[PDB]
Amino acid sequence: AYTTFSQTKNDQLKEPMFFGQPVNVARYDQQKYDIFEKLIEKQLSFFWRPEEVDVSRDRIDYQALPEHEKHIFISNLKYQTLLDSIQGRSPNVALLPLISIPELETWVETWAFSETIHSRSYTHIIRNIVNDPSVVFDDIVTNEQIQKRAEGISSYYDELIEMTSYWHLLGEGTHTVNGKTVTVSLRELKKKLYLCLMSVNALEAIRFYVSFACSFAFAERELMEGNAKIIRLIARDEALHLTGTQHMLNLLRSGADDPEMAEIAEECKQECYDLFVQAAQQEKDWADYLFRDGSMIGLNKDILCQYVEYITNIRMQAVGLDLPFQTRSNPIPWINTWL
């Protein structure tokens, strides 16, 4: 079972990142993988307050915008708000119960914490450029187009969480819950997790960047500059986040942390691969919705769609996987300005 303070005096330097002995003492004078200590120190130094950024000038700009340019902006903001709504709570609930080294535990809490700040920044934008914030928030939940990907994201999480409870309550082996066979495999858990980790990596490394492009496009036209300033700070963070997930995944597949993982990584190769292809495809389809009533300067389907592929190829490379798309270059190199 899970314990908020394991009684055993284990060597934290020799525990796996996951599934080992729950972390007891929170120490930071040493670590198994200092990338996590570095990320924490970096996240702490990037601390920023949303309320500070003046978005008052964005209300007029947003209003001026045509009903189809409002669609793009607000729709993209709604998606960002969704992602971080998830990410704020999710890494804590899903990963915290499985960490076994102190640096990763605290990194995840720091990481989740920073996502709540982003959520707040979104509330800061929305309530300052619209007269009925409730319309925006409620639609995030109802908007069936936002939910297509919203439901796919929370399943990897929900399923990992639910299967983690069984493991802590019953243990490995086959059980019966009210006349129902329920099998609990550690090798299966390590896979369920590996997939969330890979799915979380695509969310941080791809989903969010597709949103900064179709966000800074406005900043390029000198529109919504309060928002651009805020999303510049969020991108700096999401960069830390993707560095963390990338290190986790590459530490797992390298058998450096836990061989059984590495094995499950090679075996679960086509999934991890078709998992990304699914994500990229979902970001492209998203584009058809943002431009159903016309595009704008510097951003249309072909532009975005092309960025999705370019970006997806970059992210999978970082985790050793064949570029699912042609090997082209940045359709909007200007984006590097805001990053």
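Residue positions are given as counts along the sequence shown, with the first one as 1. For the two forms, the rigid core is made up of the largest set of C-alpha atoms that agree within 1.5 Å on superposition.
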Can you check whether 38-46 or 287-295 lies farther from the displayed model in 4 other deposited structures of this protein, averaging C-alpha distances as RMS after superposing on the core?
287-295
Once the rigid core is lined up, would you tell me whether 258-266 or 151-159 has the higher RMS CA deviation in 4 other deposited structures of this protein?
151-159
Taking the deposited Cα B-factors and averaging over 257-265 and over 158-166, the higher mean is found in 257-265
Tell me which of 204-212 and 182-190 has the higher mean C-alpha B-factor in the deposited entry.
182-190
Based on what the PDB entry reports, which of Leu77, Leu251, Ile86, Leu96 has the top C-alpha B-factor?
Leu251
From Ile60, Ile314, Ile40, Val53, pick the one with the largest CA B-factor in the entry?
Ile60
By the record's CA B-factor, is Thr176 among the lowest, middle or highest third of residues in the chain?
highest
Entry-reported Cα temperature factor of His71, expressed as the chain third it lands in
highest
Ranked against its chain, the third holding the CA B-factor of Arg27
lowest
Give the position of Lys148 by CA B-factor within its chain, expressed as the lowest, middle or highest third.
highest
Divide the modelled residues of the chain into thirds by Cα B-factor and specify which third, lowest, middle or highest, holds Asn131.
highest
